[PDB]
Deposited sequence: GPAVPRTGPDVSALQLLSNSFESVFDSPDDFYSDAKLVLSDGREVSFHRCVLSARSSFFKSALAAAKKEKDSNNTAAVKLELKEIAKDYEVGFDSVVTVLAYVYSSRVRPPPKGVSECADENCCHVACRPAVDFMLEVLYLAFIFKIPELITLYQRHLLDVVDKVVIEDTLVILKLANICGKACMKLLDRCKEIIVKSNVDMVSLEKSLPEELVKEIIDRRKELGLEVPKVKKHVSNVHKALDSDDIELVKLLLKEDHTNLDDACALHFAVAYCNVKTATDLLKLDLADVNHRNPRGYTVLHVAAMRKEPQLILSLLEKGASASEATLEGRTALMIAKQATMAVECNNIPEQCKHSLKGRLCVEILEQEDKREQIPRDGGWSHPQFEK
């Protein structure tokens, strides 16, 4: 006849119990991440559920090598976390989508619903990349559906990273890739943002589609490009010599935004120590220098900007202030009950505390 659900759920529960304690059920392989942590797993289960692991295990058994697999070697184009791998392996074992622990897929804004904020998008990106590398089509489709449902609410700067990973996944994520391309074309993303966030192929494709649809594709000023290249090389004296000609201004070139977004901390610091640019100036996307400083999560940049008269009460076109951006850019792990817990870099927490201080000031 058809399917018997009771036996299927019993099988799923037994295999999930196997995954929960793999050492009590004769685990014979280990998957080591790029950080240093490792997860124990069994060769048969993952050789059956995924073709990638079957091929990798058949290749590893040919050298007569307890088998360890470096995740940083097989999947090389995206640094995946630990909880994403745990979720993917839980689905591999029990056919059940295990939810992530609180904090990983959640930001530091208690007002944020954690649906479209950056930590959740990053977790979904990691899980989708893992499902693509492991060649699990159901997980691929499910998480592509998730990102397609949420992408209309995520900010454009994160949609750029979503488009990047969608192109990384090739033809397996056609829907998400085309949707992100359409969203980026319809929006007013700077050419510098596209150049520094996307490979040359994507930039050329988006520019061709923008010029084909008759959209606004303005060229870059040559002298402004010279100032940008001078800033990218950390040559402040070159910026001084370029400004001596008075052909360009740091406000019309958004040199502060560029230095805060992409350049080094010391380069932006030395550029600010000259005082030849409006600190509260905006950009074609509507962000001020403090907003980009919040997006970068560098405490010294925010501090030096506040010591220069940066107004922190100004909002973006979407209604987000610098504190909101800083909270929604950091995950909740870095701001909760003060345990050790990997720690990562407490730079985002420092930025959040700086901006919360400036709030009540």
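*Asks:* Extract from the deposited sequence all ranges with no corresponding C-alpha coordinates, numbering residues from 1.
*Replies:* Unobserved in coordinates, per deposited numbering: 1-6, 72-76, 373-388.
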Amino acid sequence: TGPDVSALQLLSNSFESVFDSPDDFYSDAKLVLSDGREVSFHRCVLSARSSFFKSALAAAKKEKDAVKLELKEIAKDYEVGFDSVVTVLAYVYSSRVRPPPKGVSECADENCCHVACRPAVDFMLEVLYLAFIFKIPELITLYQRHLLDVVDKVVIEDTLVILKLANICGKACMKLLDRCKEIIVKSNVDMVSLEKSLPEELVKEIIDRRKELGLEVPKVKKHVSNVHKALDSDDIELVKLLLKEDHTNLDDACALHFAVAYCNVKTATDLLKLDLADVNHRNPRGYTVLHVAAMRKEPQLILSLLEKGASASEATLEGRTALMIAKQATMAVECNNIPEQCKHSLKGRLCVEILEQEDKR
From here on, numbers count along this sequence of modelled residues.
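*Asks:* So 87-95 or 208-216, which one's hotter by mean CA B-factor in the entry?
*Replies:* Mean B over CA atoms: larger for 208-216.
*Asks:* Should the higher mean CA B-factor in the entry be assigned to 242-250 or to 196-204?
*Replies:* Per the PDB entry, the higher value belongs to 242-250.
*Asks:* For the CA B factor values reported in this entry, which option in 77, 158, 126, 109 has the top one?
*Replies:* Checking the PDB record, the top C-alpha B-factor among 77, 158, 126, 109 is at 77.
*Asks:* If you check the C-alpha B-factor for each of 34, 328, 50, 321 in the entry, which is highest?
*Replies:* Top of the list by C-alpha B-factor: 34.
*Asks:* Can you tell me whether residue 60 has a C-alpha B-factor in the lowest, middle or highest third compared with the other modelled residues of the same chain?
*Replies:* Within its chain, residue 60 is a highest-third residue by C-alpha B-factor, going by the deposited values.
*Asks:* Could you look up the Cα B-factor of residue 225 in the entry and say which third of the chain it sits in: lowest, middle or highest?
*Replies:* Within its chain, residue 225 is a highest-third residue by C-alpha B-factor, going by the deposited values.
*Asks:* Comparing against every modelled residue in the chain, figure out the third that the C-alpha B-factor of residue 23 lands in (lowest, middle or highest).
*Replies:* Top third by C-alpha B-factor.
*Asks:* State the tercile, meaning the lowest, middle or highest third, of residue 296 with respect to the CA B-factors recorded for its chain.
*Replies:* Tercile = lowest for this residue's CA B-factor.
*Asks:* Using the temperature factors of the C-alpha atoms in this entry, rank residue 190 within its chain: lowest, middle or highest third.
*Replies:* Its C-alpha B-factor, which the entry lists for residue 190, ranks in the highest third among residues of this chain.
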